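Protein chains in written order, with our numbering: chain A, 66 to 152; chain B, 66 to 152; chain C, 66 to 152; chain D, 66 to 152; chain E, 66 to 152; chain F, 66 to 152; chain G, 177 to 465; chain H, 177 to 465.
Below is one structure, written out as structure tokens; the observations come after it.
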Amino acid sequence: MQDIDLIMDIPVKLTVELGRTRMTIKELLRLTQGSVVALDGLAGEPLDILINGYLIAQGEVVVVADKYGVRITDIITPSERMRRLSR
Amino acid sequence: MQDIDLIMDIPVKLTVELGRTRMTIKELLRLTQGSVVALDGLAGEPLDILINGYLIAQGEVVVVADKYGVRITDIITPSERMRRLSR
Amino acid sequence: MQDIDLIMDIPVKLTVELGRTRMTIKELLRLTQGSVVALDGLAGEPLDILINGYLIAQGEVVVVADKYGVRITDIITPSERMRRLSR
Amino acid sequence: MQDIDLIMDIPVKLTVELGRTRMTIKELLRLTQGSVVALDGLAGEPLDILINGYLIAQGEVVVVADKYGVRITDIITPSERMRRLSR
Amino acid sequence: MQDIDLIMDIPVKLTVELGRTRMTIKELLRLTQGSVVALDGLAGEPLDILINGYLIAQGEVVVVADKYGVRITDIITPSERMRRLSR
Amino acid sequence: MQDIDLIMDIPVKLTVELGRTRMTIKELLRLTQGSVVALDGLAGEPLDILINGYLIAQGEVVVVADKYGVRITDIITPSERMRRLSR
Amino acid sequence: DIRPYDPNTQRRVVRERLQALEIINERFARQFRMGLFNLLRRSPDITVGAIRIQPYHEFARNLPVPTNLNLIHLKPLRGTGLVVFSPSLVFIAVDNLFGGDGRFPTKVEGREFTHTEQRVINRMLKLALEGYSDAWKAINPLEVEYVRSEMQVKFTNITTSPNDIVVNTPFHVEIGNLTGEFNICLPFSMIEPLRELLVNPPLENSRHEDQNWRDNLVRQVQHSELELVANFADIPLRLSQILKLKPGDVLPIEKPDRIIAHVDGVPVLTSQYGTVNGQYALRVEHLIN
Amino acid sequence: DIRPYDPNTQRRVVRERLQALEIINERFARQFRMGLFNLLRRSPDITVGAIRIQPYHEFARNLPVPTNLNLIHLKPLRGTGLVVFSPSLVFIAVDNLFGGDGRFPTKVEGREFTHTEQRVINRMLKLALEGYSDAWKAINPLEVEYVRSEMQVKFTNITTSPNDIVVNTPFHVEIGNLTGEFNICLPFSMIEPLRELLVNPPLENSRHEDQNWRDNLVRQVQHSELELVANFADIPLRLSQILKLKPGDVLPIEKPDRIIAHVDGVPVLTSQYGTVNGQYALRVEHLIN
């Protein structure tokens, strides 16, 4: 509608997250330069795409001539979103 | 539509601006504690309302029992928006 | 230094923000002429002062003979800035 | 008309802009002699042509026997002008 | 026409000149603070109005509530323009 | 020096400008005989003094027995000149 | 609930009880009673008035004109304190020091204090300063240094704004029919860092025990848990594009030289992505400091 | 709103309250009261008149003829200040210094001051100068140096134009039925650089704190953002050509040896265009200074 066009003039910010993990503060203090930290996500899984910190879609990492890119694959339809938030 | 409902779940940020002004850096350095700085806007003029830094409407300042509030009065329809951006 | 003097000749823009709030787009559509919108900030709190959209200090609202003014009170030293950005 | 002829006797000034970019003042201070600064525009894009600071047309860069020249290609018709100003 | 409307969106600059005179550089060096310099124009004569340094009309000086104003009186039709340029 | 004396023999032209303003061509066409046009400058402000179209000093308007005169007051030192050209 | 905003209006800030400040005031009252009895050769009666929290202008408007105002600094805290002596108390002290019996009631003058009266005020001020310093020492080390004496709010601006919150503790001195009063005013910002110390009642010193308590608290908190999130990169886009996200859509992003690790939106370090043990890894480079 | 212009007319400039100037005037009044009591052996009463802002000619027309005018310089500020002594005050001082009781009313003379009266005026002037210097020292270091004494506006032109704005602070001196008056006049341009210091009320010294405040303000502003625009070249043309801009139209331009970088119309440096990383680049050469 016309208000969709009005908010179209408003820029927004997109965020791509590689993964997430949980650990104690003591473990973080144990970490030093060159330390290795694992993530919950596996290899080849689509990465989360966030708009102002809200996940809306998923994509795959590509490189464009010198720049990283995300190839959108799937959405976060309410059933899947509720399932992943329940975790 | 359904995508309007989808983006409804996405929170946004609103910004209220009292006014704007222009000055040199030397004048800013001259400013000290307790200094007085004027603004382009006059008294009683509606204040700008910004969504993620984009002006969408104007309102008037009110106080709600202990908290400031903005009473929306007018919009920033494209003619007025272009006129005020041309300034 | 001399480069401080050089950039002094360069004018900058100052922005004063009354407050901020978050709401859904559906709530904004529900809003009409004369609607009342609340803000996160309370009454009497110092207002944010922004230079090109970056907060650098806080002040209090005064009126100069017919014109609004801001009476600077405090700064946004890195500890407080990080604390308020974490919110 | 006759007033078009009258203003024809009045000379005007034309400005050609290679490109535009945005950066912080701190980054500018970091810049030294021989520093490299990028621009938003890409390679081969038509350059903006400005009359007294107002964009009216676009052209392509050519060299005339020892002197640079602009080969006009397109106009800034209101739809495109509004689209590029919205950016 | 439509191009008149297009150039209407282009702002222009207007210049009002009180008068003109000719003197040697030695006389200018003789001039000090508070010195008196005469002009060719007489008292009550219409002042020249220039657009980007080109004379197009003449007017009379008025004051608007605190601001000087020019009350347009006559034009610079080609016969008069040639006559005054021949001087 | 001796070349200052040589150029002293060369006469120059001085220009006094009452004020300046900006308007559209359509507004100028709307103007008729007896129309009132405002200027950016206020009442009592020193007028610009131009040598061959270059501002070098400011003065105040006086009348000498039947002839207008300019009473020089201040200069256009580079800081003020840059500040007023930035406008 | 909805009210119109007035820039010339301000609200209050609940209650800020300072039991330690009251204890310091009582100790200073005892010391000053002893000092005044020593000085004037007569036994005074000092009553500690209720501690008052009010804007600076409200305190200023209640001060009789002229009044003796003394500027003091409570080192190492930053600010300027004020000691207020009413003209009646100064007149009583002058009368007592010069053999006056106090039978004659004091006459309103509204005149600047004489240099002899200035010396009387200084004699009172030194003892008051010693007493207050000793009283404050019981809870926290402080040094009081007098700056200058003024007779009007014109010579004030101890505070940046007239509406700034200040703490005023009145004291009433009685050596007979006399009921003289002196006040101590301190800006709230000066005592703001020591708010925790002044609010809760003091306990026994046990400085080593308190240090051990803090060490144990630090040790226990070290085993707490959080969530570490690393943002790969960010993209500026528009909502219309978001409405058109489909499989296979490629969005260009800027290549991040370093990966910044954030904890609840708080950056903690910058690293680089890697592949170790079949999972993504971050090679820590520098901590955010 | 529309009015006809008259070159012999001028307007006013709002209000320019100087609280610091009033405080300096009060301190100078105290010092001068002490000095006059020391000199004339009688207690004077000095009242500070309201500070006045008016054109120079308006101040000149109110001065009785003849009057004692003294030229002073407030170093390091550039200009010439004036100290105005009314003939009545000089006559009162002469009468007091020579045993006159003041019973006889003063007679209008309109005559030049005698050299003895000149020495009386100099004796007053030295004390006034010391007092005013001491008063100004409290807020900013200044030195006052007397230049010469004149008895008419003929010998003036402290100001370039008669309509220049000056600041006049009257003072009323009373040592009985006498109500003598002296004035201090200063051009506005002399105190223009110190306008910020004089307008807002002074605070505590805290010079190190103020320097730290300025340093923090500088540091925070250093992270601000702007827009950098480089103009390739400029062309002089006409509007008729602009109406005929079409695809393929070639317009000759002068080859720029250097590319000037402007920020909101403010040149900052000159550079040369280049092609680096597939995008246009500017090799910075010299900064605009």
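From the three backbone atoms N, C-alpha and C, an ideal C-beta is built for every residue, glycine too.
Segment contact: the region 278 to 289 of chain G against the region 229 to 237 of chain G, fewer than three CB-CB distances shorter than 8 Å; contact not assigned. Measuring C-alpha to C-alpha distances from A:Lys91 to each of G:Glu401, G:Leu265, G:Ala437 and G:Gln417 identifies G:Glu401 as the nearest. Straight through space, the alpha carbons of H:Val224 and H:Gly352 are spaced by roughly 17 Å. The beta carbon of D:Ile75 falls within 8 Å of a beta carbon belonging to chain E, placing the residue at that interface.
The beta carbon of F:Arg85 sits closer than 8 Å to those of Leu104, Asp105 and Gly106, all from its chain and outside the five residues before and after it, given in chain order. In the three-state reduction of the DSSP assignment, C:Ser144 falls in the helix class, which pools H, G and I. Contact of H:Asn407 with chain C is not assigned, every C-beta pair being separated by 8 Å or more. Measuring C-alpha to C-alpha distances from G:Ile229 to each of G:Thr345, G:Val442, G:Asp425 and G:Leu354 identifies G:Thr345 as the nearest. Residues of the region 109 to 139 of chain C with a Cβ closer than 8 Å to any Cβ of chain G, in chain order: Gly109, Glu125, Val126, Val127, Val128, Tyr133, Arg136 and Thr138. DSSP links B:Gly134 through a beta bridge to B:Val127 and C:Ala103. G:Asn388: member of the alpha helix (DSSP H) spanning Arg383 to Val397, first to last residue.
Only residues of its own chain outside the window of five on either side were considered, and among them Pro111, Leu112, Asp113, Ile114, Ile137, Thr138, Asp139, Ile140 and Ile141 have a CB closer than 8 Å to the CB of D:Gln123, listed in chain order. Of the residues E:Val101, E:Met73, E:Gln67 and E:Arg87, the one whose Cα lies closest to the Cα of F:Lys132 is E:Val101. Taking C-beta atoms as the reference points, G:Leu245 and G:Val260 count as a pair closer than 8 Å.
Ranked by how close their Cα comes to the Cα of B:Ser151, the residues F:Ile121, F:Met88 and F:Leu93 have F:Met88 in first place. Taking 8 Å as the CB threshold, D:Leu79 stays off the interface with chain E. Where H:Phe267 is concerned, the enclosing alpha helix (DSSP H) starts and stops at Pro263 to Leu273. With a cutoff of 8 Å on beta-carbon distance, E:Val126 and F:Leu83 are scored as near each other. When rounded, the separation of the alpha-carbon atoms in G:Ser416 and A:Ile72 is 9 Å.
In terms of Cβ geometry, H:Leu379 and G:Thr451 do not form a close pair [threshold 8 Å]. Contact between C:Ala108 and B:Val128 holds, since their C-beta atoms are separated by about 6 Å, short of 8 Å. Only residues of its own chain outside the window of five on either side were considered, and among them none has a CB closer than 6 Å to the CB of G:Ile418. Burial state of G:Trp312 is buried, judged by a 10 Å Cβ sphere holding 16 or more other Cβ atoms. Separation of A:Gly118 and D:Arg148 (C-alpha to C-alpha, rounded to the nearest whole angstrom) is 28 Å. Shortest Cα-Cα distance from E:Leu120 to any of D:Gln67, D:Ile75, D:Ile69 and D:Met66 involves D:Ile75. Contact with chain D is found for C:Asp68, since one of that chain's Cβ atoms lies less than 8 Å from the residue's Cβ. In this structure the region 298 to 305 of chain H does not touch the region 429 to 447 of chain G; the number of beta carbon pairs closer than 8 Å is below three. Taking a C-beta distance under 8 Å as the contact criterion, G:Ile222 and G:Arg203 do not qualify as a contact pair. No Cβ of chain G is located within less than 8 Å of the beta carbon of A:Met147.
Boundaries of the alpha helix (DSSP H) around H:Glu198: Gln195 to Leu216. For G:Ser365, the secondary structure class from DSSP, reduced to helix, strand or coil, is helix. H:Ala457 and G:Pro412 have their C-alpha atoms some 23 Å from each other. Contact of H:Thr332 with chain E by beta-carbon distance below 8 Å is absent, the smallest such distance being about 14 Å. If you check the CB distance, H:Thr243 and H:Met366 do not come in under 8 Å. No Cβ-Cβ contact shorter than 8 Å links A:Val77 with G:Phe408.
Between H:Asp433 and chain D, the shortest Cβ-Cβ separation is not below 8 Å.
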